[PDB]
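Per-entry structural report
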Amino acid sequence: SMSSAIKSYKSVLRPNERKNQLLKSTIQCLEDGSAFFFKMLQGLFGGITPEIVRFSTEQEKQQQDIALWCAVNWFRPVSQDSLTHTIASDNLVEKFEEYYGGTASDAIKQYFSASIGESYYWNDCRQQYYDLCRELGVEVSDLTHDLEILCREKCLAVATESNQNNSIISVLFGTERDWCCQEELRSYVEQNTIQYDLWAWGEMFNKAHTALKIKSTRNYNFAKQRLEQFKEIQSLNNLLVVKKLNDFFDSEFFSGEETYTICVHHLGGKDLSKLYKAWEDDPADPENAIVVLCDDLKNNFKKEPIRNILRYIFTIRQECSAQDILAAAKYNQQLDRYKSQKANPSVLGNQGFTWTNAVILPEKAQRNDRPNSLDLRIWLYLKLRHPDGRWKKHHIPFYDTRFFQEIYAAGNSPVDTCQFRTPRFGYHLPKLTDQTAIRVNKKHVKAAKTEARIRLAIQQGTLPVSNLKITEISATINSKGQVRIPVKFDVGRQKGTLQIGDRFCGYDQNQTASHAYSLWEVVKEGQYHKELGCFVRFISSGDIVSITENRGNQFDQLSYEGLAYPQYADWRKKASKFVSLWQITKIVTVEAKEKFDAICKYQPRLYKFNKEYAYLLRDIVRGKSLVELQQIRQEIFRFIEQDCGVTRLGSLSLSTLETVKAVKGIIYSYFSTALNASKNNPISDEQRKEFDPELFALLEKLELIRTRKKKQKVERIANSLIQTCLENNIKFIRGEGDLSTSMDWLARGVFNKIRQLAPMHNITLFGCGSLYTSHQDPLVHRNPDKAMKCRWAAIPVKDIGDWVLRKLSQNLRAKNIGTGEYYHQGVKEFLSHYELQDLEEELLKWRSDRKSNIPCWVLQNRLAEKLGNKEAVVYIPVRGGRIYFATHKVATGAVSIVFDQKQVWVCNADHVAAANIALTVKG
Amino acid sequence: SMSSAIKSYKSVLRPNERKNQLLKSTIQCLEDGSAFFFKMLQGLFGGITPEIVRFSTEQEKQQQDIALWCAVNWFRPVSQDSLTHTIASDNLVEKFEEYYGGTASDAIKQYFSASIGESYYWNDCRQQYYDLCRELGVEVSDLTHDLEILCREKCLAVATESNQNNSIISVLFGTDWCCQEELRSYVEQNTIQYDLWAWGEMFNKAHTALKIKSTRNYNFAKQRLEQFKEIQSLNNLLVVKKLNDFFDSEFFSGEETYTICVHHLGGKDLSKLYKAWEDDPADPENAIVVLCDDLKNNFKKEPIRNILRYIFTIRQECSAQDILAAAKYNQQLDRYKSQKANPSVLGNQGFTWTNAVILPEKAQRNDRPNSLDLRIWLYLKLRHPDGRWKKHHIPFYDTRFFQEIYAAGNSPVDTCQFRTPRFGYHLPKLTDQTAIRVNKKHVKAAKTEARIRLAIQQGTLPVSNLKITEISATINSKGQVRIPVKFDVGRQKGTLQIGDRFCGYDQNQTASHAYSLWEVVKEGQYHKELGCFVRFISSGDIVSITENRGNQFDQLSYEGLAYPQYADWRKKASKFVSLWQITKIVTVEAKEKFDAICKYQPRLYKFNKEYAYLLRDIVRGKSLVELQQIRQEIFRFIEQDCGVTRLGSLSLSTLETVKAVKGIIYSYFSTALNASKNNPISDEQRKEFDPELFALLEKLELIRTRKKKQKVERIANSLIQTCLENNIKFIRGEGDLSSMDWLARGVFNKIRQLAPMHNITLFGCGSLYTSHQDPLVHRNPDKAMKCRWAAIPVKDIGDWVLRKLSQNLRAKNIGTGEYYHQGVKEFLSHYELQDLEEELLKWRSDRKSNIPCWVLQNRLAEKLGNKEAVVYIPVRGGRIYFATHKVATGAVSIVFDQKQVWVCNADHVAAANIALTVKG
RNA sequence: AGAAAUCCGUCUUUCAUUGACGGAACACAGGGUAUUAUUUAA
RNA sequence: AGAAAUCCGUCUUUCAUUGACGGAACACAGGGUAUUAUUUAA
């Protein structure tokens, strides 16, 4: 029982001059000792034998390679700091064979036959072990004895058996009773570092041992993976297909400045074979199959294949092959990985040192609370090492309003109680009234406000008293004075199992990166689901939103797409001016206003406008002269910094993030154009900075904005989903991920964040594999039937344009290519419902720009005849439609209709996708 | 740990001619035996003795009166059908003292000293018992002995010890008794040859009637004795004379008078009305109005204002303690004088056949491809003329019973207890390929079959999991059958735990219900009354919605079309008012009053109520020949285009409209007949005079009753669905699980009926000032209350706002007014208008010097910049409540009078208050 | 074991032969506290 | 135990000294398918 979770806090210590020097000296002492154990432990682990690896490997599920474990511990790439006995990339195998008494394994030969860091060199750890045995004055076998004991007692970590924390110090030096070298080891360590202290030696050992063990295990896995890479590297029959794929770059399809390796995912992987199969249809519109496949790949899992290279493959499709080219792409991948990725080196690292029971308890705290301001300090009582050598405890203060608010502030409520004072845990601070009168520096106002609210709560007798029962708090401090504080708490008895009455939910991600949730209940009786093996019921549906108010107006940071067209006329007007005055880009036609009009003719919202205008500015900058670029430089600055720039406005929507990316592209295109970079002179970050420092300043700021925006978006999505769970007694959450030890940054972030957050509220998280969850029919798919449907959209017939017919034709010609078939049949249903079958053949003839194309007003007249007027609503099977025709009511607000003589629920498609993940068991 | 629930079905049996005679003969035989058993059991119970009552009453929790139990069983008022030994209304005390051997108690004497039904007479049960002992050929003590044995063995029901269900028949007849043979011969001679089931049913009917009436008479006699003690308590009857001299006085124009009970005066709180009246005379009824509002808000009946106006006339002289005691005296005297004692008559209950319905799994189905077999069969034992009992099949029809249970499911995996939306199953909707062609008088039922049939072809119909082995069926002389299905539900509790979810619900002044959903949490904000930590989940409004071509109407609160959308109806109404002219002071030719309606731009149902009142007023004075045409216009009002017989939601507005239309017809009848106080009219005269209009009276009352029933059911359904969607396990409402509104009583009793079906636990409490309590602050621990506010733009502050401010300000003394008083104070302090306070104290109804509304508007516009700003005004029945915490969904945070406040839906606050109540 | 039957009801200036839905049973003198759109703009 | 300190961040043509809010930590060739109102009426 007892689920446990950790919440942590971060700040920087603010000691005075004496204590600051004490802390820095203590931390430097701890580094110096840590590096010393690093070298000595490097020698010890160099001294291990195969038999030891046998005892440590008795219990493992997978039969382990002893020779490789011995190799990774006996030879390491290290920095100059921890290098004693150098060895060359030739002598490695020769000496290994000498040490093991057998032929060097093929996997070990790959480990040795590897690229190494520029600043890292090889080291013979066994020879280091022998020289350590002399420098200790003991016989080799005595220290081998002691090492045998330590590995047995799990005092040290061996191949797959991790150590028991820091027991080695108490076992060996604190006075597992038979040592040969104990006195020598203790004197060696004590002479080289500092006088015996259990805590200090423990921290030194921990840092050194952690670095060495993680890098050794990484090298073992790396050697096996590299051997498999090599075994596949010779697999190719002939690099003829590989040369033609690589020669893609030479041909006219690629105009890019710089070349890149062609990996399997660029081709779409396995489905490219399906693509050729769809290509067998004819070359009538290879493009439609390209687009459908790419769209499906981007929707489900992998990165969308780049279309250009696939058009070039379409050029050579008959000769080269499907299997042969795709294996050729695999060859490109494997060779580049084999050559590029170096072997992991063993270097000390920059982790901090942890003081145990370092924070004074909140009830035992000392507060200088004044009536007009509380005491916002949290004190640590650390042991520090003076120059003389004695250890004494000193008080060091730090500031953290979050830690103060959630835990550290003293609550004075007689009856009220809480674990953490934060809205996600159920507590809201009383808002500030118009009597507040905060007067402090601006650079503190936010923090001051928090204090005010807390103090107000204390004044009202409202501040709840924490019930965490904290007995000790650790604190982890680094050389920069940054402190990290973990609070570990108990949550509740563990569930894990899904009974009747239990509530679960699923969540899915849109193409526009907007999330949606679907909440279900396990019921005693009703509708049966074969995958789950129980009876399910639909509770509710909705979208994930994170809302803030600005003078009473609500903005959803996660999906706000900006001002509508008519509301940013002036900004548009300024853009118009710049586009008018300036004139076209490199075919030297189109003096810019035409494109601007095209952007404005769609009447877009503000952030889409900003993205498209950023694309237009990079295009404009592209050809222009060095003297011309000065003028444009000024306008770029107003675009990025004034009135509506991404540095001033932008929500957390996908639109805003791509706008920032496009603005970065503007600056990069500026730098390329001015520098005339090409294959002869590949401009670097350094050259951009030296050339133009301020615009590099802008580039840095933009990447910073971007990173913070992504982090904030992930945190907010997780928060919104957790609140929705908390209000609806949801006990289980399912998302697109796997919990073991191909992805989107948003999908990865949200999944790992919910993994972090759900155990705090005793909510159990599951991961699954979302394959075509956008199209599966809830309660029908895999129960037991395996049923799919297409996505629809609802549009008034007055606005059926040429693109509706283009989409209809494209969906109809795509029966063979994967997700296309559901769309093909969808069009069939459409034709069956509105009785337009006669047009089908003419729709087959609908090609890109034919004059003889059946026009849209024909369709409008037929649909108006069929529905009476031009304002009636029709449903059209289109990709990424917002309407899903569900067999059952599995979305909130879904309505019931009859389409093609079939009972149907008009549902939010995204809500259907969320339900489909909620009903998934296979990951 | 296994609670039970019952769902029942009602229908009518449709046997053929032969089986119809068999069934009617069986039922008539069963009545005849039941009536015989009634007379004989009346005699047997006439023979009980005090010692028997002791032996049955030893283990009573309370102290019981044996003499009264003996008396109520020894003398009964009966109908002529079961009357044997007539006894006169004088001789009872004498004969009772003869039979008991002691002085007849005054408590027992009151039961004898009573009014009785016109067609009911007293019965000497002792002499009937004596002669029954004769006719059996036995001695008195032998049957006293067997009666003792029967009473001891819980075979018969004596005062507090209910009988065993039907052990008597098997115990006394089924094969150290003394008389067994004589009694068996007696029953079998009079009734029919021994059958355990038939004799059991006969006995059950007779015995049940007798025991209910005996216990009821015991309670009635005790209550009457206390009423007599309190009626005779009052020394000087002068004050009551002053009340009815009120009746003679001018404050009354109604056709007929009535007894003046305590609740007409406001009860206890009337004393404070004096205390309020002592404050200041000049403006008397302001305090009166406050109390009426106060009384209507709580659980009480509104005192009629007219009587208090006269009471104020005589307040100084007639006194306060004397007036309320005198009103209690009138109440007690009329109750005592005109409530009869409960008589023992056989009754119309039906007879229950056990295991009478063929199981659904063993049923015979003549299923055709275009129509299923919608018959449910019974296999009943019936008595032929020869005397033998034989089983026959009789079919009946019930689409609800068929849909929920009886139809066979063909889904491999789906399952259900009942196929109804409240239990989680929705029938597949009909497609445009359905093609139903049947009689119109069946289309609804046909539609149900179609849906079920469609569900069957799709493999969708879930298989019931009720595990039914036997079903009873209760049949009466009219062929009406009732079928109870009893099902297993789950292990309840009264132990709210952590994670348990509860809710409360309250009812508005406009009969609009609201619900508040809370959770018991491990940590957070403590509630002293509950003894736990609570958290607020959500809040809402109870709605029951139906669609009409995609437009949603809430039956519970739809107030009808908006003004501009019903011009035509108004034109007709306007024309009729135009042509016609005023009513009795015979001024004000009707149109102007009509415009008084239209100037407020009301919605349709409010318009219909007010216009119905106006037709009533018109009808009042008019001549007999004139009424000729007014009748036809009344008819169009009630029957065409928008009359209540065609439109009307379930809102309080529509019900008041129906009440007003009935008032119209009653005023018609009075006006046409020129009935008066000494020349009264009866229903018989109304029917004979104008039969068709009495037919509309019938139809209107039927509509009223059906609408009320539907409203109660829909409110219960909506609340139960809301609970089911939110894992709510507890419900709390204003009731007690054993002074009321029919809606409050009905909703509480219906939720009591429905919640145990979903393993939901219902609690009742006492809603006192729940409209004003501050959630999580009231009784935590201090008792804090607040007034109700409303939000209005300053452009529309009128004279009535100033009136309400003045009235609330002068009402510090009278109960809830105190809170409203402070509200106005807070109001002024917030808007910095304290200077006006004194002038607001001078604001009387129609003064010329009144501070006008535009002063306030100019001042408030100054304070808030514009005339479109929103201000909060303390008004009675306001829709806004200023809560200490966020205890309503959609609540916003403001600062009022330098106090942080949540603007909450007031009704939602009341629901939260009901949810946090533990004392009833 | 006999093809008939609205089980009882509700809503809508919409009364619907595919409109949408709900139900254990018993037995006061004259009435305060709008929706689609879309038009020249802000 | 020393009166200072935005812990780190987000939103808004609103940048706020009472605006509203969120967070365990580690370590490619040129862009893809509106809201308040209230005005002559229905």
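Before going into details, it helps to say that this report is about the structure given with it. (Residues numbered from 1 in each chain as written, not as in the entry; some residues may be left out. Chains lettered and ligands numbered in written order. Heavy atoms only, no water. Residues with missing side-chain atoms left out of burial classes, pairs and counts.)

Sheet faces and side chains relate simply in a regular strand, where the side chains alternate between the two faces. Residues and elements named next belong to chain B. Across nine bridges, the pairing between strand β5 (residues 375–383) and strand β6 (residues 389–397) is antiparallel. When the bridges of β6 are listed, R375 appears paired with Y397. Here β5 folds back onto β6, and the loop between the two strands holds five residues, one of which, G387, carries a positive phi near 125°. (Pairing = 2+ DSSP bridges. Helix = DSSP H or I, 4+ residues; strand = E, 2+ residues; numbered from the N terminus.)

The full count for this structure, using the stated rule, is 55 salt bridges over all chains. Between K95 of chain A and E98 of chain A there is a salt bridge, and its shortest N-O distance comes to 2.7 Å. Residue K95 of chain A and its partner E98 of chain A are located together in helix α4 (residues 91–100), separated by three residues, close to a single helical turn. In this structure, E404 of chain B and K7 of chain B form a salt bridge, with 2.6 Å as the shortest nitrogen-oxygen distance. The exposure class assigned to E404 of chain B is buried, which follows from its relative accessible area of 3%. Via salt bridges that share partners, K7, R402 and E406 of chain A belong to a single interconnected network. (Salt bridge = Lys/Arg side-chain N within 4 Å of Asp/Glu carboxyl O. Buried < 20%, exposed > 50% of the residue type's maximum accessible area, 1.4 Å probe, protein only.)

What follows is about the sheet that holds strand β23 (residues 899–905) of chain B. Residues and elements named next belong to chain B. Within the open sheet, the five strands sit side by side as β20-β19-β21-β23-β22. Their pairing is antiparallel. Among the strands making up the open sheet, the edge pair consists of β20 (870–874) and β22 (892–896). Across this sheet, the average inter-strand angle for adjacent strands is 45°, counted without regard to direction. Here strand β19 (residues 788–793) runs beside β20; their pairing, made up of five bridges, is antiparallel. By the bridge assignment for β20, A790 is matched with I873. Relative to β23, helix α31 (residues 906–915) is tilted by about 95°, and along the sheet it contacts β19, β21 (880–883) and β23. (Axes fitted to C-alpha atoms, helices over the stretch in contact; angles between N-to-C directions. Contact = heavy atoms within 4.5 Å.)

All names here are of chain A. Within the sequence span of α4, burial applies to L92, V93, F96 and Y99. All buried residues of α4 fall inside an arc of 125° around its axis, so they share one side. Along α4, exposed side chains directed more than 90 degrees from the buried face belong to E94 and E98. Buried residues along α4 sit in contact with α3 (66–74), β2 (75–78), α5 (106–112), β3 (121–124) and α6 (125–135). (Arc of directions from axis to C-beta.)

This part takes up the pairing of strand β19 (residues 791–796) of chain A. Residues and elements named next belong to chain A. As defined by bridge partners, β19 adjoins strand β21 (residues 883–886) across two bridges and the pair is classed as antiparallel. Following the sheet pairing, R791 is matched in β21 by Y884. In this sheet, strand β20 (residues 873–877) lies alongside β19 in antiparallel orientation, the contact comprising five bridges. By the bridge assignment, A793 is partnered in β20 with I876.

So, about the protein's contact with RNA strand C. Residue and element names in this part refer to chain B. Taken together, 88 residues sit near RNA strand C, with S8, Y397, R422, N548 and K707 positioned nearest. Here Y605 contributes a side-chain N or O atom positioned 2.5 Å from a phosphate oxygen of RNA strand C. Between RNA strand C and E713, the relevant distance is 3.3 Å, taken from a sugar or linking oxygen to a side-chain nitrogen or oxygen of the residue. Among the elements that take part in the surface near RNA strand C, helix α25 (residues 691–725) stands out by supplying seven residues, more than any other. When its residues are assigned to classes, the surface near RNA strand C shows 32 nonpolar, 24 polar and 32 charged. (Near = heavy atom within 4 Å. Polar contact = N/O pair within 3.5 Å; in protein donor to acceptor, adjacent residues only side chain to side chain. Nonpolar A, V, L, I, M, F, W, Y, C, P; charged D, E, K, R; others polar.)

Note the cis peptide between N783 of chain A and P784 of chain A, where omega equals -15°. Position of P784 of chain A relative to the elements: it lies in the loop between β18 (764–768) and β19. The omega torsion across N780 of chain B and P781 of chain B is -20°, close enough to zero to call that bond cis. Mapped onto the secondary structure, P781 of chain B falls in the loop between β18 (761–765) and β19. In this structure, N355 of chain B takes a positive phi of about 50° despite not being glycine. Mapped onto the fold, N355 of chain B is located in the loop between β4 (351–353) and β5.

Another aspect to go through is the packing of helix α19 (residues 567–579) of chain B against helix α20 (residues 591–598) of chain B. Residues and elements named next belong to chain B. One way to put it is that α19 packs onto α20 with a least axis distance of 9 Å and a crossing angle of 155°. As far as their axial angle goes, α20 and α19 are roughly antiparallel. Where α19 crosses over α20, the handedness of that crossing is right-handed. Across the interface between the two elements, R570, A573, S574, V577 and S578 of α19 pack against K591, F594 and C598 of α20. Across the contact of α19 with α20, the residue classes tally to four nonpolar, two polar and two charged. (Parallel < 35°, antiparallel > 145°, perpendicular 65-115°, else oblique. Left-handed = near helix turned anticlockwise from the far one by under 90°.)

Contacts between the two partners involve 29 residues from chain B, matched on the other side by 31 residues from chain A. Carbon and sulfur atoms supply 40% of the area buried between chain B and chain A, which totals about 2,300 Å² over both sides. If you sort the residues of chain B by the area they bury against chain A, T415, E523 and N727 of chain B come out on top, with a joint share of 19%. At the boundary of chain B and chain A, one finds zero salt bridges. (Buried area = accessible area lost by both parts, 1.4 Å probe.)

Bringing the protein's contact with RNA strand D into the picture now. All names here are of chain A. Neighbouring residues of RNA strand D: 89 residues in total, closest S8, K19, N550, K595 and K709. Interatomic distance of 2.6 Å between a side-chain N/O atom of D619 and a sugar or linking oxygen of RNA strand D. Here the surface near RNA strand D takes seven residues from helix α24 (residues 693–727), the largest share from any one element. For the surface near RNA strand D, the residue count by class is 31 nonpolar, 23 polar and 35 charged.

Okay, the packing of aromatic side chains next. Counted according to the given criterion, the structure contains 102 aromatic pairs over all chains. Here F732 of chain A and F766 of chain A contribute two aromatic rings whose centre-to-centre distance is 5.9 Å and whose plane-to-plane angle is 5°, an arrangement assigned as stacked. Looking at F766 of chain A, the relative accessible area reads 26%, which means it is partly exposed. When the centroid spacing of 5.0 Å and the interplanar angle of 80° are considered together, the rings of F418 of chain B and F487 of chain B count as edge-to-face. Here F418 of chain B, found in the loop between β7 (415–416) and α18 (443–457), pairs with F487 of chain B, found in strand β10 (residues 480–488); they are 69 residues apart in sequence, far enough to count as distant. Taken as a pair, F418 of chain B and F487 of chain B share a single burial class, namely buried. Counting every residue linked through ring pairs, the aromatic cluster contains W74, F75, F96, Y99, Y100, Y111, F112, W122, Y129 and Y130 of chain A. Note that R126 of chain A overlies the ring of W74 of chain A, its terminal NZ or CZ placed 4.6 Å from the centroid. (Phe/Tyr/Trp six-rings, centres within 6.5 Å; stacked < 30°, edge-to-face > 60°. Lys NZ or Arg CZ within 6 Å of the ring centre and 35° of its normal.)

All we've got here are geometric facts, nothing functional implied.
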